[PDB]
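Q: Take a look at target27.cif, mmCIF, C-alpha atoms:
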data_data
loop_
_atom_site.label_atom_id
_atom_site.label_comp_id
_atom_site.auth_asym_id
_atom_site.auth_seq_id
_atom_site.Cartn_x
_atom_site.Cartn_y
_atom_site.Cartn_z
CA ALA V 2 169.80 -25.49 0.17
CA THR V 3 170.76 -29.17 0.46
CA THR V 4 171.24 -31.92 -2.14
CA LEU V 5 170.23 -35.44 -1.08
CA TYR V 6 171.32 -38.60 -2.89
CA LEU V 7 169.15 -41.56 -1.83
CA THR V 8 169.84 -45.22 -2.53
CA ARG V 9 168.95 -48.77 -1.49
CA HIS V 10 171.16 -51.53 -0.02
CA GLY V 11 172.75 -53.84 -2.58
CA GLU V 12 171.41 -57.32 -3.33
CA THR V 13 171.55 -59.58 -0.27
CA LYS V 14 171.29 -63.33 0.17
CA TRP V 15 167.70 -63.16 1.43
CA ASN V 16 166.76 -60.85 -1.46
CA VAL V 17 167.75 -63.72 -3.78
CA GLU V 18 165.91 -66.29 -1.65
CA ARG V 19 162.83 -64.06 -1.54
CA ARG V 20 163.01 -63.92 2.27
CA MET V 21 161.79 -60.76 3.99
CA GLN V 22 164.45 -59.09 6.15
CA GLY V 23 162.86 -56.23 8.08
CA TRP V 24 165.09 -55.52 11.10
CA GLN V 25 166.83 -58.84 10.55
CA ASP V 26 169.72 -58.82 8.09
CA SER V 27 171.72 -60.91 5.62
CA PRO V 28 175.02 -60.31 3.75
CA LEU V 29 175.39 -58.77 0.29
CA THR V 30 175.84 -61.19 -2.62
CA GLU V 31 178.65 -60.97 -5.19
CA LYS V 32 176.27 -59.08 -7.46
CA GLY V 33 175.31 -56.80 -4.57
CA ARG V 34 178.92 -55.81 -3.88
CA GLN V 35 179.54 -55.30 -7.60
CA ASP V 36 176.53 -52.98 -7.92
CA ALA V 37 177.61 -51.09 -4.79
CA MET V 38 181.04 -50.59 -6.32
CA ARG V 39 179.53 -49.45 -9.61
CA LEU V 40 177.66 -46.82 -7.57
CA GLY V 41 180.83 -45.75 -5.79
CA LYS V 42 182.50 -45.09 -9.13
CA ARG V 43 179.48 -43.11 -10.35
CA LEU V 44 179.69 -40.85 -7.28
CA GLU V 45 183.48 -40.43 -7.24
CA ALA V 46 183.08 -36.91 -8.65
CA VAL V 47 180.26 -35.92 -6.28
CA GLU V 48 181.45 -33.95 -3.25
CA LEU V 49 179.75 -35.84 -0.42
CA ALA V 50 180.10 -34.18 2.99
CA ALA V 51 178.71 -37.23 4.78
CA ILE V 52 176.93 -40.56 4.34
CA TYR V 53 173.95 -41.61 6.45
CA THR V 54 172.84 -45.22 6.73
CA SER V 55 170.47 -47.34 8.78
CA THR V 56 172.01 -49.54 11.48
CA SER V 57 171.46 -52.63 9.30
CA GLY V 58 174.45 -54.67 8.20
CA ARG V 59 173.46 -54.64 4.53
CA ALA V 60 173.01 -50.86 4.52
CA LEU V 61 176.35 -50.22 6.23
CA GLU V 62 178.22 -52.70 4.01
CA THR V 63 176.80 -50.94 0.93
CA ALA V 64 177.85 -47.54 2.32
CA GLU V 65 181.45 -48.66 2.97
CA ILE V 66 181.83 -50.02 -0.57
CA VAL V 67 180.47 -46.80 -2.08
CA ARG V 68 182.75 -44.65 0.09
CA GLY V 69 185.64 -46.88 -0.98
CA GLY V 70 188.34 -45.39 1.22
CA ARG V 71 187.34 -41.73 0.61
CA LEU V 72 187.52 -39.35 3.58
CA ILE V 73 183.79 -39.17 4.34
CA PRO V 74 182.16 -39.90 7.69
CA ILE V 75 179.40 -42.53 7.94
CA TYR V 76 176.64 -41.90 10.50
CA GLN V 77 174.13 -44.59 11.48
CA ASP V 78 170.53 -43.80 12.40
CA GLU V 79 167.89 -46.32 13.52
CA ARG V 80 165.20 -44.17 11.94
CA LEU V 81 166.51 -45.28 8.54
CA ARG V 82 165.91 -49.01 9.21
CA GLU V 83 163.61 -51.00 6.89
CA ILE V 84 160.04 -51.58 8.11
CA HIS V 85 159.86 -53.87 11.16
CA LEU V 86 158.08 -57.03 9.95
CA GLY V 87 157.99 -59.17 13.12
CA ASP V 88 157.01 -62.81 12.48
CA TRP V 89 157.53 -62.43 8.72
CA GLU V 90 161.25 -61.78 9.07
CA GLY V 91 163.34 -64.71 7.86
CA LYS V 92 160.46 -66.34 5.99
CA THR V 93 159.74 -66.69 2.27
CA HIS V 94 156.69 -65.26 0.51
CA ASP V 95 155.02 -68.67 0.27
CA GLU V 96 155.63 -69.33 3.96
CA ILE V 97 154.05 -65.98 4.77
CA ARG V 98 151.09 -66.57 2.44
CA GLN V 99 150.56 -69.72 4.53
CA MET V 100 150.61 -67.75 7.79
CA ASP V 101 148.60 -64.58 7.16
CA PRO V 102 147.33 -64.32 3.54
CA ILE V 103 145.11 -61.26 4.13
CA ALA V 104 147.78 -59.08 5.75
CA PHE V 105 150.26 -60.20 3.10
CA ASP V 106 147.84 -59.19 0.33
CA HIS V 107 147.31 -55.81 2.02
CA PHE V 108 151.07 -55.23 2.38
CA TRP V 109 151.42 -55.28 -1.41
CA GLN V 110 147.90 -54.28 -2.58
CA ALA V 111 146.35 -52.04 0.04
CA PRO V 112 149.18 -50.54 2.16
CA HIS V 113 146.71 -48.29 4.01
CA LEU V 114 144.91 -51.43 5.22
CA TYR V 115 148.06 -53.17 6.49
CA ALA V 116 147.74 -53.34 10.29
CA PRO V 117 149.88 -56.03 12.01
CA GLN V 118 149.75 -56.95 15.69
CA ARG V 119 153.54 -57.04 15.83
CA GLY V 120 155.42 -54.67 13.57
CA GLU V 121 155.22 -51.22 12.04
CA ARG V 122 152.58 -49.83 9.72
CA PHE V 123 153.73 -47.88 6.69
CA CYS V 124 152.81 -44.60 8.38
CA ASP V 125 155.12 -45.34 11.34
CA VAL V 126 157.95 -45.77 8.85
CA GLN V 127 157.13 -42.62 6.85
CA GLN V 128 157.06 -40.54 10.02
CA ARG V 129 160.43 -41.69 11.39
CA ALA V 130 162.08 -41.64 7.96
CA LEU V 131 161.00 -38.05 7.31
CA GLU V 132 162.23 -36.97 10.76
CA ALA V 133 165.64 -38.49 10.03
CA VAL V 134 165.74 -36.79 6.62
CA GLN V 135 164.81 -33.43 8.15
CA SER V 136 167.49 -33.84 10.84
CA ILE V 137 170.02 -34.56 8.11
CA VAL V 138 169.02 -31.47 6.12
CA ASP V 139 169.18 -29.37 9.30
CA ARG V 140 172.82 -30.45 9.76
CA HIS V 141 173.91 -30.00 6.14
CA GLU V 142 172.82 -26.56 4.99
CA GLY V 143 174.57 -25.82 1.70
CA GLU V 144 176.01 -29.33 1.39
CA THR V 145 175.47 -32.60 -0.50
CA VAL V 146 175.10 -35.97 1.24
CA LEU V 147 174.27 -39.63 0.51
CA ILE V 148 171.62 -41.69 2.31
CA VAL V 149 171.75 -45.49 2.12
CA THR V 150 168.49 -47.01 3.27
CA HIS V 151 165.78 -49.50 2.28
CA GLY V 152 162.89 -50.16 -0.14
CA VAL V 153 159.83 -49.36 1.98
CA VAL V 154 161.60 -46.41 3.57
CA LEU V 155 162.42 -45.01 0.13
CA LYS V 156 158.85 -45.51 -1.05
CA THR V 157 157.32 -43.77 1.96
CA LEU V 158 159.74 -40.89 1.38
CA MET V 159 158.93 -40.49 -2.31
CA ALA V 160 155.24 -40.57 -1.40
CA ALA V 161 155.81 -37.70 1.06
CA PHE V 162 157.80 -35.62 -1.44
CA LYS V 163 155.41 -36.32 -4.34
CA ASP V 164 152.57 -35.60 -1.93
CA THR V 165 150.77 -38.89 -2.68
CA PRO V 166 148.60 -40.99 -0.31
CA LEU V 167 150.10 -44.16 1.18
CA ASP V 168 147.51 -46.34 -0.54
CA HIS V 169 149.55 -45.60 -3.69
CA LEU V 170 152.81 -46.44 -1.93
CA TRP V 171 153.98 -49.08 -4.43
CA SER V 172 153.75 -46.73 -7.44
CA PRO V 173 156.55 -46.93 -10.05
CA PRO V 174 159.48 -46.73 -10.43
CA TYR V 175 160.84 -49.83 -8.71
CA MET V 176 163.69 -48.96 -6.35
CA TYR V 177 166.47 -51.34 -7.39
CA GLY V 178 169.49 -51.93 -5.17
CA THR V 179 172.08 -49.15 -5.48
CA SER V 180 169.63 -47.17 -7.63
CA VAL V 181 170.12 -43.39 -7.60
CA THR V 182 167.47 -40.89 -6.48
CA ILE V 183 168.29 -37.19 -6.17
CA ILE V 184 166.33 -34.71 -4.08
CA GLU V 185 166.99 -30.96 -4.15
CA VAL V 186 165.91 -29.17 -1.00
CA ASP V 187 165.45 -25.44 -1.58
CA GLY V 188 163.26 -22.88 0.17
CA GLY V 189 162.03 -25.57 2.55
CA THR V 190 160.70 -27.64 -0.36
CA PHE V 191 161.73 -31.15 -1.46
CA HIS V 192 162.07 -31.37 -5.24
CA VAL V 193 162.49 -34.78 -6.85
CA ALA V 194 165.15 -34.32 -9.55
CA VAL V 195 166.04 -37.95 -10.27
CA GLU V 196 164.18 -41.08 -9.15
CA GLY V 197 165.41 -44.68 -9.12
CA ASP V 198 168.07 -44.31 -11.82
CA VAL V 199 169.99 -47.51 -12.57
CA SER V 200 172.21 -46.27 -15.41
CA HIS V 201 175.28 -47.65 -13.61
CA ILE V 202 173.91 -51.18 -13.22
CA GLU V 203 174.68 -54.08 -15.52
CA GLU V 204 171.97 -56.67 -14.82
CA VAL V 205 168.85 -55.26 -13.19
CA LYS V 206 166.85 -57.72 -11.05
CA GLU V 207 163.43 -57.03 -9.51
CA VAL V 208 164.66 -58.26 -6.13
#
Let's see the structure in the file written out as structure tokens.

A:
Amino acid sequence: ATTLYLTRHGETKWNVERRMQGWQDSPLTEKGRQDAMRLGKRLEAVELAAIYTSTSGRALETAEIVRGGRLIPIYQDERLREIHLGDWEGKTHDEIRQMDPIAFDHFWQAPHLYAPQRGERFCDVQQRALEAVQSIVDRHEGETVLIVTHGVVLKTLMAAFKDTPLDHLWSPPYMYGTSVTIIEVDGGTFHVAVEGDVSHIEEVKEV
């Protein structure tokens, strides 16, 4: 019996510039911080026992804003990091299309076919993300917690819960920054109660 709130890091500078981050990072924009604060207000009534985040700067920064001074510990776990994108990190979509067009097409169109020389495949991410989630549940029986992570991680997790194949990884809804997803874990089963809700966000950008 555990309730899991899942969200994505707020808008960063590279998000705006359409630059892939991966394990690299960039600071939250003004909009990002605003959205993260809007989320913190939305959860002010929710009794969070803890907050888990990836070790990425943007994830941690989002988590601090949401906590907003409240007495809640923040734990960092590498298994919650966004997918490792090697050579693509720091580069724009056009720059990447110039480098490896086929792999780039697969990334977005045929996830199951994505197989880089340097970097993780979607299945590597799904496996470590699910382990982290299970470890969190194991430590919070009867409690409610918040998990601040990333886009691909969130998508691999929804795919696992909804029992869908990775080839359909990029299925709707789009996981916007600071969006709210709620998972109810009961009887050893993950039930998706809410997915990608953005009721608290003013201007929604597909970034």

Q: Smallest atom-to-atom distance to residue V:142: which of V:167, V:38, V:50, V:205, using only C-alpha atoms?

A: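 That would be V:50, the residue with the smallest distance to residue V:142.
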
Q: Mind running stretch 28-64 of chain V against stretch 171-194 of chain V at 12 Å and telling me each contacting residue's nearest atom pair with the distance in Å (one decimal), counting all atoms listed in the file, chain and number ascending, as JSON lines?

A:
{"residue": "V:29", "atom": "CA", "partner": "V:178", "partner_atom": "CA", "distance": 10.6}
{"residue": "V:30", "atom": "CA", "partner": "V:178", "partner_atom": "CA", "distance": 11.5}
{"residue": "V:32", "atom": "CA", "partner": "V:178", "partner_atom": "CA", "distance": 10.1}
{"residue": "V:33", "atom": "CA", "partner": "V:178", "partner_atom": "CA", "distance": 7.6}
{"residue": "V:34", "atom": "CA", "partner": "V:179", "partner_atom": "CA", "distance": 9.7}
{"residue": "V:35", "atom": "CA", "partner": "V:179", "partner_atom": "CA", "distance": 9.9}
{"residue": "V:36", "atom": "CA", "partner": "V:179", "partner_atom": "CA", "distance": 6.4}
{"residue": "V:37", "atom": "CA", "partner": "V:179", "partner_atom": "CA", "distance": 5.9}
{"residue": "V:38", "atom": "CA", "partner": "V:179", "partner_atom": "CA", "distance": 9.1}
{"residue": "V:39", "atom": "CA", "partner": "V:179", "partner_atom": "CA", "distance": 8.5}
{"residue": "V:40", "atom": "CA", "partner": "V:179", "partner_atom": "CA", "distance": 6.4}
{"residue": "V:41", "atom": "CA", "partner": "V:179", "partner_atom": "CA", "distance": 9.4}
{"residue": "V:42", "atom": "CA", "partner": "V:179", "partner_atom": "CA", "distance": 11.8}
{"residue": "V:43", "atom": "CA", "partner": "V:181", "partner_atom": "CA", "distance": 9.8}
{"residue": "V:44", "atom": "CA", "partner": "V:181", "partner_atom": "CA", "distance": 9.9}
{"residue": "V:59", "atom": "CA", "partner": "V:178", "partner_atom": "CA", "distance": 10.8}
{"residue": "V:60", "atom": "CA", "partner": "V:179", "partner_atom": "CA", "distance": 10.2}
{"residue": "V:62", "atom": "CA", "partner": "V:179", "partner_atom": "CA", "distance": 11.8}
{"residue": "V:63", "atom": "CA", "partner": "V:179", "partner_atom": "CA", "distance": 8.2}
{"residue": "V:64", "atom": "CA", "partner": "V:179", "partner_atom": "CA", "distance": 9.8}

Q: Starting from the shown file, work through the PyMOL selection byres ((chain V and resi 134) around 12) and note down what comes out as an MDAnalysis selection string.

A: chainID V and resid 3:7 53:55 78:81 127:133 135:141 146:150 154:155 157:159 161:162 184 186 191

Q: Provide the atom CA of residue V:56 to atom CA of residue V:31 distance in Å, to one decimal place.

A: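 Straight-line distance from atom CA of residue V:56 to atom CA of residue V:31 works out to 21.3 Å.
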
Q: Would you compute the distance between atom CA of residue V:66 and atom CA of residue V:11? Give it in Å to one decimal.

A: 10.1 Å

Q: Run the PyMOL selection byres ((chain V and resi 19) around 9) on the file and write out the hits as a CSV table (one decimal) with C-alpha atoms, in the coordinates of the input.

A:
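So out_31.csv came out as:
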chain,number,residue,atom,x,y,z
V,14,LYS,CA,171.3,-63.3,0.2
V,15,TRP,CA,167.7,-63.2,1.4
V,16,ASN,CA,166.8,-60.8,-1.5
V,17,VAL,CA,167.8,-63.7,-3.8
V,18,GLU,CA,165.9,-66.3,-1.6
V,20,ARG,CA,163.0,-63.9,2.3
V,21,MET,CA,161.8,-60.8,4.0
V,92,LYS,CA,160.5,-66.3,6.0
V,93,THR,CA,159.7,-66.7,2.3
V,94,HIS,CA,156.7,-65.3,0.5
V,208,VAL,CA,164.7,-58.3,-6.1

Q: Which distance in Å separates atom CA of residue V:111 and atom CA of residue V:168, to one decimal?

A: 5.8 Å

Q: Using all atoms listed in the file, what residues lie at most 9 Å away from (178.5, -32.1, -6.5) (file coordinates), given as a list in words?

A: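 Answer for this query, in the requested form: residues 4, 44, 46, 47, 48, 49, 144 and 145 of chain V.
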
Q: With only C-alpha atoms as the basis for distance, which of V:117, V:58, V:197, V:69 is at the shortest distance from residue V:89?

A: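 Among the listed residues, V:117 lies closest to residue V:89.
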
Q: Considering all atoms listed in the file, can you say which of V:8, V:13, V:207, V:170 comes closest to residue V:114?

A: V:170

Q: Return the padded bounding box of stretch 132-136 of chain V as lines of an AutoDock Vina configuration file: axis-aligned, built from all atoms listed in the file, 5 Å added on each side, with centre and edge lengths in Å to one decimal.

A:
center_x = 164.9
center_y = -36.0
center_z = 8.7
size_x = 15.3
size_y = 15.1
size_z = 14.2

Q: So, with all atoms listed in the file as the atoms that count, which of V:198, V:84, V:91, V:143 lies closest to residue V:2?

A: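 Ranked by minimum distance to residue V:2, first place goes to V:143.
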
Q: Using all atoms listed in the file, find the one residue out of V:52, V:61, V:97, V:103 that sits nearest to residue V:76.

A: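 The closest residue to residue V:76 is V:52.
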
Q: Could you pull the residues within 7 Å of residue V:90, counting all atoms listed in the file, minus those fewer than 5 positions along the same chain, as an MDAnalysis selection string?

A: chainID V and resid 21:23 25

Q: Mind filling out stretch 77-100 of chain V with N, CA, C and O atoms and sending it as a PDB file, in the coordinates of the input?

A:
ATOM      1  N   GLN V  77     175.206 -43.604  11.471  1.00  0.00           N
ATOM      2  CA  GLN V  77     174.130 -44.590  11.480  1.00  0.00           C
ATOM      3  C   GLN V  77     172.952 -44.068  12.289  1.00  0.00           C
ATOM      4  O   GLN V  77     173.127 -43.503  13.380  1.00  0.00           O
ATOM      5  N   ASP V  78     171.748 -44.278  11.759  1.00  0.00           N
ATOM      6  CA  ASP V  78     170.530 -43.800  12.400  1.00  0.00           C
ATOM      7  C   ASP V  78     169.437 -44.857  12.310  1.00  0.00           C
ATOM      8  O   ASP V  78     169.048 -45.267  11.207  1.00  0.00           O
ATOM      9  N   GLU V  79     168.941 -45.296  13.467  1.00  0.00           N
ATOM     10  CA  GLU V  79     167.890 -46.320  13.520  1.00  0.00           C
ATOM     11  C   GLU V  79     166.638 -45.929  12.755  1.00  0.00           C
ATOM     12  O   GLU V  79     165.894 -46.790  12.294  1.00  0.00           O
ATOM     13  N   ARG V  80     166.393 -44.635  12.630  1.00  0.00           N
ATOM     14  CA  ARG V  80     165.200 -44.170  11.940  1.00  0.00           C
ATOM     15  C   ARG V  80     165.231 -44.472  10.446  1.00  0.00           C
ATOM     16  O   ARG V  80     164.229 -44.288   9.756  1.00  0.00           O
ATOM     17  N   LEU V  81     166.371 -44.948   9.953  1.00  0.00           N
ATOM     18  CA  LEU V  81     166.510 -45.280   8.540  1.00  0.00           C
ATOM     19  C   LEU V  81     166.391 -46.780   8.272  1.00  0.00           C
ATOM     20  O   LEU V  81     166.581 -47.224   7.140  1.00  0.00           O
ATOM     21  N   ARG V  82     166.086 -47.550   9.318  1.00  0.00           N
ATOM     22  CA  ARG V  82     165.910 -49.010   9.210  1.00  0.00           C
ATOM     23  C   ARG V  82     164.685 -49.363   8.349  1.00  0.00           C
ATOM     24  O   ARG V  82     163.717 -48.598   8.288  1.00  0.00           O
ATOM     25  N   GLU V  83     164.732 -50.530   7.706  1.00  0.00           N
ATOM     26  CA  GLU V  83     163.610 -51.000   6.890  1.00  0.00           C
ATOM     27  C   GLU V  83     162.432 -51.229   7.853  1.00  0.00           C
ATOM     28  O   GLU V  83     162.606 -51.274   9.081  1.00  0.00           O
ATOM     29  N   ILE V  84     161.232 -51.356   7.301  1.00  0.00           N
ATOM     30  CA  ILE V  84     160.040 -51.580   8.110  1.00  0.00           C
ATOM     31  C   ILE V  84     160.186 -52.844   8.974  1.00  0.00           C
ATOM     32  O   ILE V  84     160.650 -53.889   8.504  1.00  0.00           O
ATOM     33  N   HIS V  85     159.790 -52.738  10.239  1.00  0.00           N
ATOM     34  CA  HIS V  85     159.860 -53.870  11.160  1.00  0.00           C
ATOM     35  C   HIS V  85     158.715 -54.825  10.812  1.00  0.00           C
ATOM     36  O   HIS V  85     157.545 -54.470  10.946  1.00  0.00           O
ATOM     37  N   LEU V  86     159.062 -56.037  10.373  1.00  0.00           N
ATOM     38  CA  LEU V  86     158.080 -57.030   9.950  1.00  0.00           C
ATOM     39  C   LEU V  86     157.814 -58.231  10.887  1.00  0.00           C
ATOM     40  O   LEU V  86     157.254 -59.245  10.459  1.00  0.00           O
ATOM     41  N   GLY V  87     158.211 -58.109  12.152  1.00  0.00           N
ATOM     42  CA  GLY V  87     157.990 -59.170  13.120  1.00  0.00           C
ATOM     43  C   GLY V  87     158.108 -60.612  12.636  1.00  0.00           C
ATOM     44  O   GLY V  87     159.127 -61.003  12.067  1.00  0.00           O
ATOM     45  N   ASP V  88     157.051 -61.391  12.857  1.00  0.00           N
ATOM     46  CA  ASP V  88     157.010 -62.810  12.480  1.00  0.00           C
ATOM     47  C   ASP V  88     157.367 -63.147  11.037  1.00  0.00           C
ATOM     48  O   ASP V  88     157.756 -64.279  10.750  1.00  0.00           O
ATOM     49  N   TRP V  89     157.226 -62.185  10.131  1.00  0.00           N
ATOM     50  CA  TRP V  89     157.530 -62.430   8.720  1.00  0.00           C
ATOM     51  C   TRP V  89     159.019 -62.465   8.423  1.00  0.00           C
ATOM     52  O   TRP V  89     159.443 -63.039   7.425  1.00  0.00           O
ATOM     53  N   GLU V  90     159.813 -61.835   9.281  1.00  0.00           N
ATOM     54  CA  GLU V  90     161.250 -61.780   9.070  1.00  0.00           C
ATOM     55  C   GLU V  90     161.880 -63.174   9.034  1.00  0.00           C
ATOM     56  O   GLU V  90     161.627 -64.007   9.904  1.00  0.00           O
ATOM     57  N   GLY V  91     162.682 -63.422   8.002  1.00  0.00           N
ATOM     58  CA  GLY V  91     163.340 -64.710   7.860  1.00  0.00           C
ATOM     59  C   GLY V  91     162.556 -65.731   7.056  1.00  0.00           C
ATOM     60  O   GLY V  91     163.084 -66.788   6.702  1.00  0.00           O
ATOM     61  N   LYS V  92     161.302 -65.421   6.745  1.00  0.00           N
ATOM     62  CA  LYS V  92     160.460 -66.340   5.990  1.00  0.00           C
ATOM     63  C   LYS V  92     160.235 -65.930   4.542  1.00  0.00           C
ATOM     64  O   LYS V  92     160.285 -64.751   4.205  1.00  0.00           O
ATOM     65  N   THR V  93     159.991 -66.922   3.692  1.00  0.00           N
ATOM     66  CA  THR V  93     159.740 -66.690   2.270  1.00  0.00           C
ATOM     67  C   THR V  93     158.306 -66.217   2.049  1.00  0.00           C
ATOM     68  O   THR V  93     157.469 -66.285   2.952  1.00  0.00           O
ATOM     69  N   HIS V  94     158.023 -65.738   0.842  1.00  0.00           N
ATOM     70  CA  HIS V  94     156.690 -65.260   0.510  1.00  0.00           C
ATOM     71  C   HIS V  94     155.641 -66.365   0.668  1.00  0.00           C
ATOM     72  O   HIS V  94     154.573 -66.142   1.241  1.00  0.00           O
ATOM     73  N   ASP V  95     155.951 -67.557   0.164  1.00  0.00           N
ATOM     74  CA  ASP V  95     155.020 -68.670   0.270  1.00  0.00           C
ATOM     75  C   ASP V  95     154.745 -69.029   1.728  1.00  0.00           C
ATOM     76  O   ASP V  95     153.607 -69.311   2.105  1.00  0.00           O
ATOM     77  N   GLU V  96     155.786 -69.010   2.549  1.00  0.00           N
ATOM     78  CA  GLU V  96     155.630 -69.330   3.960  1.00  0.00           C
ATOM     79  C   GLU V  96     154.716 -68.304   4.620  1.00  0.00           C
ATOM     80  O   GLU V  96     153.902 -68.644   5.481  1.00  0.00           O
ATOM     81  N   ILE V  97     154.859 -67.046   4.212  1.00  0.00           N
ATOM     82  CA  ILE V  97     154.050 -65.980   4.770  1.00  0.00           C
ATOM     83  C   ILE V  97     152.604 -66.065   4.266  1.00  0.00           C
ATOM     84  O   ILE V  97     151.662 -65.816   5.019  1.00  0.00           O
ATOM     85  N   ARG V  98     152.430 -66.426   2.997  1.00  0.00           N
ATOM     86  CA  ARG V  98     151.090 -66.570   2.440  1.00  0.00           C
ATOM     87  C   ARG V  98     150.353 -67.656   3.236  1.00  0.00           C
ATOM     88  O   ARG V  98     149.133 -67.604   3.405  1.00  0.00           O
ATOM     89  N   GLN V  99     151.111 -68.631   3.731  1.00  0.00           N
ATOM     90  CA  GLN V  99     150.560 -69.720   4.530  1.00  0.00           C
ATOM     91  C   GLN V  99     150.130 -69.237   5.912  1.00  0.00           C
ATOM     92  O   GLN V  99     149.142 -69.707   6.465  1.00  0.00           O
ATOM     93  N   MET V 100     150.885 -68.295   6.466  1.00  0.00           N
ATOM     94  CA  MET V 100     150.610 -67.750   7.790  1.00  0.00           C
ATOM     95  C   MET V 100     149.440 -66.771   7.838  1.00  0.00           C
ATOM     96  O   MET V 100     148.416 -67.043   8.462  1.00  0.00           O
TER      97      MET V 100
END
